[PDB]
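Enquirer:
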Amino acid sequence: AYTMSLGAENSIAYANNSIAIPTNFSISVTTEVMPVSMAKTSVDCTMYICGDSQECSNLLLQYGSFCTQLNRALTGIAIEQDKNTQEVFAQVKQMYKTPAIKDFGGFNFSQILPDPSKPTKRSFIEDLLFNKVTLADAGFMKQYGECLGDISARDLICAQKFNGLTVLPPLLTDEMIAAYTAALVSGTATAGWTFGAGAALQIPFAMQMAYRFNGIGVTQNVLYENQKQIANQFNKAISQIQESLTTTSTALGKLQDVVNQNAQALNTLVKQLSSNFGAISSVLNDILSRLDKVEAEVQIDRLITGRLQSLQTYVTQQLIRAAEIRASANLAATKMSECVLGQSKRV
Amino acid sequence: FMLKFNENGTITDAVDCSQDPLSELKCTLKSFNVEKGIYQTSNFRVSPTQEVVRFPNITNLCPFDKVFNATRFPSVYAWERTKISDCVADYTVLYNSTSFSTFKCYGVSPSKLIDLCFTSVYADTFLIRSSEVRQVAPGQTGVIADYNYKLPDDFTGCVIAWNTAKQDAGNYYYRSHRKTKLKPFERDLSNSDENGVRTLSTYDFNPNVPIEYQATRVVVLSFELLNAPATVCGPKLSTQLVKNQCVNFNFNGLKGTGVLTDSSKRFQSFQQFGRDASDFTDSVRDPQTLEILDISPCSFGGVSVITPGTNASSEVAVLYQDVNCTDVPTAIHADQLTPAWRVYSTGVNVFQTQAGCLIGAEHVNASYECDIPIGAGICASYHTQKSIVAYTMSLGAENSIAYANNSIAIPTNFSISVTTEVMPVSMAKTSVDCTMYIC
Amino acid sequence: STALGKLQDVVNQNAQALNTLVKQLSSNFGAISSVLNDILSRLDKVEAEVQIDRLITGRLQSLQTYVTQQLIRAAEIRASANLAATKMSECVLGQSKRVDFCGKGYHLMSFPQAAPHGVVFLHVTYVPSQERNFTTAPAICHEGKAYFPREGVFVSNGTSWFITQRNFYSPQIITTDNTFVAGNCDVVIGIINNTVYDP
Amino acid sequence: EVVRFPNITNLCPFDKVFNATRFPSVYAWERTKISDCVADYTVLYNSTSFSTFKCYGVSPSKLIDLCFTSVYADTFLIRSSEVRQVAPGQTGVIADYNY
Ligand SMILES: *[C@@H]1O[C@H](CO)[C@@H](O[C@@H]2O[C@H](CO)[C@@H](O)[C@H](O)[C@H]2NC(C)=O)[C@H](O)[C@H]1NC(C)=O
Ligand SMILES: *[C@@H]1O[C@H](CO)[C@@H](O[C@@H]2O[C@H](CO)[C@@H](O)[C@H](O)[C@H]2NC(C)=O)[C@H](O)[C@H]1NC(C)=O
Ligand SMILES: *[C@@H]1O[C@H](CO)[C@@H](O[C@@H]2O[C@H](CO)[C@@H](O)[C@H](O)[C@H]2NC(C)=O)[C@H](O)[C@H]1NC(C)=O
Ligand SMILES: *[C@@H]1O[C@H](CO)[C@@H](O)[C@H](O)[C@H]1NC(C)=O
Ligand SMILES: *[C@@H]1O[C@H](CO)[C@@H](O)[C@H](O)[C@H]1NC(C)=O
Ligand SMILES: *[C@@H]1O[C@H](CO)[C@@H](O)[C@H](O)[C@H]1NC(C)=O
Ligand SMILES: *[C@@H]1O[C@H](CO)[C@@H](O)[C@H](O)[C@H]1NC(C)=O
Ligand SMILES: *[C@@H]1O[C@H](CO)[C@@H](O)[C@H](O)[C@H]1NC(C)=O
Ligand SMILES: *[C@@H]1O[C@H](CO)[C@@H](O)[C@H](O)[C@H]1NC(C)=O
Ligand SMILES: *[C@@H]1O[C@H](CO)[C@@H](O)[C@H](O)[C@H]1NC(C)=O
Ligand SMILES: *[C@@H]1O[C@H](CO)[C@@H](O)[C@H](O)[C@H]1NC(C)=O
Ligand SMILES: *[C@@H]1O[C@H](CO)[C@@H](O)[C@H](O)[C@H]1NC(C)=O
Ligand SMILES: *[C@@H]1O[C@H](CO)[C@@H](O)[C@H](O)[C@H]1NC(C)=O
Ligand SMILES: *[C@@H]1O[C@H](CO)[C@@H](O)[C@H](O)[C@H]1NC(C)=O
Ligand SMILES: *[C@@H]1O[C@H](CO)[C@@H](O)[C@H](O)[C@H]1NC(C)=O
């Protein structure tokens, strides 16, 4: 046990007549990871609560619109996940095809553009990102026959499907997302910022970087006078991204934990069906087998209200988490416009 | 059915919710008119029409005569326990011969006894005066409950008693005092104390005594309903199996509904049913063949109905989520469906989307802007006659930039643009009088 | 009609939430009746209170649901109101360099207009149009030393080299006023030879 | 378990309350206060069997280890048919017009 270090100890050699001027520079490439969407969860509220039984379903009608109101909430979450994706990507709906030459002024975009030798039209970097996040529960999409196996084939995802819990697929497939990012990097490589304001105007890439140096307040000559250095520093920095993404799993933790949180929530929701909630049994057919309506209904009501309470908890948690994902998607959409479609003075 | 009631309270419209996918949509949305969209739809397609009842073929009738009509019962201090096993509990044979002034059951309804099966039964028997049968219940107190025969709080079973003042004349004993109460189903046969005088009081039973003092026989049946072989069953006859259909079933008194199939499951030698982490009973041992059947939900898998507005058309399309188009007629139990739904099982206008099989929308190779979002790149629209068409959505216009290392495009003109951005700032300031709403 | 859909759906969502809350009073929640006086008329307190408790708990649960949805929706409206307040400061009370913040194109102005439960911004933007291809060079070499554009870019109309501002073609004579000189012209890749006029 | 109870020791007057020479007519039911005594009701097990023993707000099995801040005993004679009317929420000639 120890006290935290707040930071490195440092001092500034202040004097009323002294200044430090940088004599050199480093081109730095930095990775920012942002969540944009979450799993479009869906619930058959009758199948979850009453588990395919008429007696319970006829009791559940006496609770009114609770189920309809929960489904209305979750479909609101689901539609919002597609909105989030189409607000971050799809800001530019000119599908600028990837240029045939991936080197501009010495800057080697080949790792961040698609490669036509591969079967999947991702960039090389995007292939690393799609490998480095894992859908640790095998990621839903359980095929029609797959839940009818031996004992060892039992699976919380089959327990989910049998109890009415499902994940809808996103509207944009990954090939469509990769097509937008390919178009966005292609416009930046060949038309700079202009295609964010209007029609894309081609400009030579070094000449575009020279304007970007002026935006920083480094004189235009300092680019051309060092263009091979600057391009090499850029190329090496991109390679360091590729090396870190191939080696290191923690980089995308902000996305893996969105997967983990939503997987865990669905797992607790199915497991809550094993609770009695003070009924004689957690099992609905066991009550209906063993008790007659005059007193079964008292036991069923304990299950209905407890199960129904467990759904309302889950939907509230999803509404909370969805608001956080929306805020991240709104921020990511702002960074697309301001960092990709332009140059930002915002420190 | 969903029924629309007029202000005069006459029915003016109705939807048969099982009829077709539009009817299921209307019933799912609790509404007779539906806006354009795609909606998750609750299963009204299928309901069980059959019972699959299967019970062990044990045929020996339970020993009601030997247990109830024994020549004499025990003194309550010396109550006797017997195991009842491998028999059919057709208790209706008694209706001809006795009437019980108490028949009271715990954890089981008495009307259910005729179609349950029990993994264990023990009958306890003793004689007490009629006023004391009151005390033979969980949580009771009194000379019987304290010092002669205690039921547990977790008791499941039935207490049965009848007057026998004509039969059970004589002397019978009960413990009036003890230094500590009995534990549940404890017995204490000690007659003499340390010095030799008896610790037991005597019932004097005669038909001449007042009713409250007259002898009643009591039988206490204690039950178990474990995940173990059935030992006593009600008289139910067994039916044939009906696999691959949504049915009601009853295996050893475990009722339910679902789809039965063969299964790969290894059960334990004693095990009668299996449950997943949700306690959903996913398998059962057939008591007739000892084969293990899988139980699937009748409603299993997601279904969604795609519609223009019902103001626009009564045409719909159905998405069978994660189902392959050749499996739809079996994932949906299309043999059990109406003809109007079975149209949406098969035929032309089936299209395998990565979201699932889409049926009833014709696939079109022209891409358009997304109208109704089906998923995984597919959208649908009500499109020119009109029909529901399904297509891959267009991401944007095809374009290319004429890049060269020495070419630049400069704007020669400009447009002043005025753009409208609409932003919500407020919502209605709702308020609730919580007492007026609730009470 | 669709232009204000973002306002109409705030109205619609809040109307629908109140309508479902009144309709929820029609539920029994497993009581013998949804109607409170019907229970109290028909049952004695010893056992009416068991039925009344089922109504109280289910009704109170329905309020807790409604209030939770309102807290969620109010957090969303607050984020929209904070963003609208930021656009008032940055797009109305100034001019914003933030690329897509005050509408598409380069922001000139915007005007706020009141709307029910909302604001409408009329964003005014310059959109460049009718672009034309030009040959261009990073620098001019005049007398062994490299001249760079002071602002804009060097372009030629085929015959002649000019300096123009980048967002509107207005060619100027390349003058020691329009340009700064920095270093010998060997280093600049793509350097070209042209006169620089000296007034 | 730390069990601590007041050290009152006088046994409650079960014989005088229950085995009185006669009970009141139900219209003239009599109330008596019971106080400063130990309610070891098991002394009755030897001598009297009760065809009704029904408790409200307390389980009868818990009577042996509770203490009460007041006790009153109401006593009256009725026909056995009518004892069902001696309960909360009952009706009938007793519940309406006698007790
Ligand atoms: C900034 O520092 C780098 C070294 O980190 C300098 O790069 C070296 O430059 C000399 C002469 O140009 C070469 O001989 C070395 O091989 C270079 N090394 C590397 C790693 O590039 C660079 O010149 C410095 N920049 C400026 C403007 O002086
Ligand atoms: C751009 O970067 C790549 C390195 O990623 C350069 O080298 C090629 O890299 C791929 C793997 O990424 C190999 O399969 C090729 O064989 C490599 N080619 C060579 C010649 O080494 C690529 O050359 C770079 N482009 C430019 C124009 O420098
Ligand atoms: C920009 O384009 C507009 C047309 O879109 C030009 O305006 C036209 O100019 C001619 C001659 O002056 C008129 O006859 C037309 O009526 C004008 N059109 C409109 C809509 O007013 C304008 O001259 C161009 N600007 C520049 C700087 O070239
Ligand atoms: C559905 O089709 C895919 C091939 O497109 C196949 O991999 C999968 O196993 C099929 N599902 C079933 C249940 O046969
Ligand atoms: C209700 O009944 C009255 C009288 O029969 C009739 O005039 C009125 O039109 C009815 N209302 C509706 C909505 O049909
Ligand atoms: C019912 O009792 C009659 C005589 O009282 C007897 O003949 C008959 O066999 C009895 N039936 C059963 C089922 O015990
Ligand atoms: C009990 O058994 C005796 C002897 O067989 C018989 O006479 C009597 O009728 C039986 N009682 C009942 C209720 O069956
Ligand atoms: C009775 O049970 C046995 C064992 O479970 C089985 O072999 C037999 O087929 C069943 N039915 C008949 C009619 O024998
Ligand atoms: C759409 O294009 C595919 C090409 O793979 C073709 O097979 C199919 O017949 C086309 N559909 C129509 C309706 O023309
Ligand atoms: C610029 O040149 C390319 C090829 O010469 C051409 O495709 C493009 O349309 C030109 N742009 C303009 C604005 O004329
Ligand atoms: C280029 O512009 C100059 C204007 O000073 C003009 O004299 C020359 O002819 C132009 N050339 C072409 C090809 O337009
Ligand atoms: C531009 O490209 C041409 C070949 O297309 C080449 O000859 C020339 O040296 C290049 N110049 C620059 C500045 O990239
Ligand atoms: C520019 O001028 C210098 C000196 O006159 C000459 O050496 C060089 O080759 C020229 N460049 C071109 C491209 O003509
Ligand atoms: C009531 O008191 C009388 C007189 O002492 C006694 O004979 C009788 O047995 C008592 N009753 C009971 C039930 O103890
Ligand atoms: C119990 O009854 C006996 C007589 O049967 C009597 O002698 C004894 O005192 C009684 N005990 C109590 C505690 O009343």
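Protein chains in written order, with the entry's author numbering: chain A, 664 to 1010; chain B, 267 to 650, 659 to 713; chain C, 912 to 1110; chain D, 317 to 415. Quick reminder that beta carbons are idealized off the backbone N, C-alpha and C, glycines included.
1. Tell me which same chain residues have a C-beta within less than 6 Å of the C-beta of residue 1110(C), skipping the five on either side of it?
2. Using CA atoms only, rank isn't needed, just tell me which of 477(B), 482(B), 403(B), 433(B) is closest to residue 450(B).
3. Is any beta-carbon of chain B found at less than 8 Å from that of residue 397(D)?
4. The region 340-367 of chain D: which residues have C-beta closer than 8 Å to a C-beta of chain B, in chain order?
5. Give me the Cα-Cα distance between residue 329(D) and residue 341(D), rounded to the nearest whole angstrom.
6. Applying the criterion that 16 or more other CB atoms from any shown protein chain within 10 Å of the CB defines a buried residue, is residue 564(B) buried or exposed?
7. Put residue 636(B) into one of helix, strand or coil per three-state DSSP.
8. Would you kindly check if the distance between the Cβ of residue 772(A) and the Cβ of residue 852(A) is under 8 Å?
9. Would you please verify whether the beta carbon of residue 995(C) is less than 8 Å from any beta carbon of chain B?
10. Ends of the alpha helix (DSSP H) at residue 607(B)?
11. Specify which residues have a beta carbon nearer than 6 Å to any heavy atom of ligand 5, listing them in chain order.
12. Any heavy atom of ligand 3 closer than 7 Å to the Cβ of residue 1075(C)?
13. Would you check if the distance between the CB atom of residue 1087(C) and the CB atom of residue 1066(C) is smaller than 8 Å?
14. Quick one: Cα of residue 884(A) to Cα of residue 924(A), how far?
15. Quick check: the Cα distance between residue 401(D) and residue 441(B), rounded to an integer number of angstroms?
16. For the region 857-882 of chain A, which residues have a beta carbon sitting closer than 9 Å to at least one beta carbon of chain B?
17. Closest by CA to residue 698(A), which one among 990(A), 906(A), 1002(A), 963(A)?
18. For residue 842(A) and chain B, any beta-carbon pair shorter than 8 Å?
19. Determine whether the Cβ of residue 408(D) lies closer than 8 Å to any Cβ atom of chain C.
20. To which residues of the same chain is residue 935(A) closer than 6 Å at the C-beta, ignoring the five residues directly before and after it?
21. Find the residues of chain A that neighbour residue 642(B), judging by a C-beta separation of less than 8 Å, and give them in chain order.
22. How long is the line joining the alpha carbons of residue 1043(C) and residue 685(B), rounded to whole angstroms?
23. Following the continuous alpha helix (DSSP H) through residue 953(A), name the residue where it begins and the one where it ends.
24. Residue 431(B) versus chain A: which residues are under 9 Å apart at the beta carbon?
25. Within a Cβ cutoff of 8 Å, which residues of the same chain sit near residue 397(B), ignoring the five residues on either side of it in sequence?
26. When you compare each of 862(A), 931(A), 982(A), 954(A) to residue 755(A) by their alpha carbons, which one comes out closest?
27. Would you please verify whether the beta carbon of residue 373(D) is less than 8 Å from any beta carbon of chain C?
28. Measuring straight from C-alpha to C-alpha, what distance separates residue 960(C) and residue 458(B)?
29. Taking only three categories from DSSP, how would you classify residue 393(D)?
30. For a test of the three-state rule: what should DSSP assign to residue 316(B), helix, strand or coil?
31. Go through its chain and collect everything with a Cβ distance to residue 977(C)'s Cβ below 7 Å, but skip five positions before and after it.
32. Report the start-end ranges of each alpha helix (DSSP H) in the region 329-358 of chain B that is 4 residues or longer and not cut off at the edges.
33. For a contact defined as C-beta to C-beta under 7 Å, what are the partners of residue 1004(A) on chain C?
34. How about the region 512-527 of chain B and the region 375-384 of chain B: do they share at least three Cβ pairs that are nearer than 8 Å?
35. What's the gap between the Cα of residue 348(D) and the Cα of residue 720(A)?
36. Per the contact definition of three or more C-beta pairs closer than 8 Å, is the region 822-840 of chain A in contact with the region 711-726 of chain A?
Expert: This is what the structure holds:
1. To locate residue 1110(C), count along the third sequence from 1; it is residue 199. Nothing meets the Cβ criterion.
2. As a working note, residue 450(B) is residue 184 in the second sequence. Per the Cα distances, 403(B).
3. Residue numbering aside, residue 397(D) sits at position 81 when the fourth sequence is read from its first letter. It does not; no Cβ of chain B falls within 8 Å.
4. 358, 361, 362, 365, 366, 367
5. In the fourth sequence, counting from the first residue as 1, residue 329(D) sits at position 13. In the fourth sequence, counting from the first residue as 1, residue 341(D) sits at position 25. Cα to Cα, residue 329(D) sits roughly 21 Å from residue 341(D).
6. As a position in the second sequence, residue 564(B) is number 298, starting the count at 1. Counting Cβ neighbours within 10 Å, residue 564(B) comes out buried, since at least 16 surround it.
7. On the second sequence, residue 636(B) is found 370 positions in, with the first residue counted as 1. Coil at residue 636(B), not helix or strand.
8. Within the first sequence, residue 852(A) is the residue found at index 189, counting from 1. Within the first sequence, residue 772(A) is the residue found at index 109, counting from 1. The answer is yes: Cβ separation under 8 Å.
9. Within the third sequence, the letter at position 84 stands for residue 995(C). It does: the Cβ of residue 995(C) has a partner Cβ on chain B nearer than 8 Å.
10. As a first step, residue 607(B) must be located in the second sequence, where it is residue number 341. 605-608 is the extent of the alpha helix (DSSP H) around residue 607(B).
11. 272(B), 273(B), 274(B)
12. For this step, residue 1075(C) is matched to residue 164 along the third sequence. Outside the cutoff, so no.
13. Position 176 of the third sequence, counted from the first residue, corresponds to residue 1087(C). Position 155 of the third sequence, counted from the first residue, corresponds to residue 1066(C). No, they are not a contact pair.
14. Here residue 884(A) is taken as the residue at index 221 of the first sequence, counted from 1. Here residue 924(A) is taken as the residue at index 261 of the first sequence, counted from 1. About 51 Å.
15. On the fourth sequence, residue 401(D) is found 85 positions in, with the first residue counted as 1. On the second sequence, residue 441(B) is found 175 positions in, with the first residue counted as 1. Their backbone Cα atoms lie some 32 Å apart in a straight line.
16. If you check each beta-carbon in the region 857-882 of chain A against every beta-carbon of chain B, the ones closer than 9 Å belong to 857, 858, 861, 862, 863, 864, 865, 866, 867, 868, 869, 870.
17. Position 35 of the first sequence, counting from 1, holds the residue named residue 698(A). Considering only alpha carbons, the answer is 990(A).
18. The count along the first sequence starts at 1 and reaches residue 842(A) at position 179. Under the 8 Å criterion on CB atoms, residue 842(A) is classed as interfacial with respect to chain B.
19. On the fourth sequence, residue 408(D) is found 92 positions in, with the first residue counted as 1. Closer than 8 Å: no.
20. Translated into the one-based positions of the first sequence, residue 935(A) becomes position 272. These residues qualify, in order along the chain: 973.
21. For the purposes of this step, residue 642(B) is identified with residue 376 of the second sequence, where counting begins at 1. Per Cβ cutoff of 8 Å: 832, 833, 834, 836.
22. Stepping through the third sequence from its first residue, residue 1043(C) is reached at position 132. Stepping through the second sequence from its first residue, residue 685(B) is reached at position 411. Approximately 6 Å, taken between the alpha carbons.
23. The residue you call residue 953(A) lines up with position 290 of the first sequence. Residue 953(A) -> alpha helix (DSSP H) spans 947-953.
24. Here residue 431(B) corresponds to residue number 165 of the second sequence, with the count starting at 1. Under the 9 Å cutoff, chain A gives no residues; its nearest Cβ is about 33 Å from residue 431(B).
25. As a working mapping, residue 397(B) is identified with position 131 in the second sequence. Around residue 397(B): 478, 479.
26. Translated into positions along the first sequence, residue 755(A) becomes position 92. The candidate whose alpha carbon is nearest that of residue 755(A) is 862(A).
27. Mapped onto the fourth sequence, residue 373(D) falls at position 57. No, no contact with chain C.
28. By one-based count along the third sequence, residue 960(C) stands at place 49. By one-based count along the second sequence, residue 458(B) stands at place 192. In a straight line, the C-alpha of residue 960(C) is about 52 Å away from that of residue 458(B).
29. To locate residue 393(D), count along the fourth sequence from 1; it is residue 77. Looking at residue 393(D) - three-state DSSP - the assignment turns out to be strand.
30. Residue 316(B) sits at position 50 when you count from the first residue of the second sequence. In the structure shown, residue 316(B) sits in coil (DSSP, three-state: anything other than H, G, I, E or B).
31. In the third sequence, residue 977(C) corresponds to position 66, counting from 1. Closer than 7 Å at the Cβ level, and outside the excluded window around residue 977(C), lie 928, 932.
32. 330-334
33. Position 341 of the first sequence, counted from the first residue, corresponds to residue 1004(A). Under the 7 Å cutoff, chain C gives 1010, 1011.
34. yes
35. Walking along the fourth sequence from the start, residue 348(D) turns up at place 32. Walking along the first sequence from the start, residue 720(A) turns up at place 57. Looking at the two C-alpha atoms, the distance is approximately 55 Å.
36. Contact holds: three or more Cβ-Cβ distances are below 8 Å.
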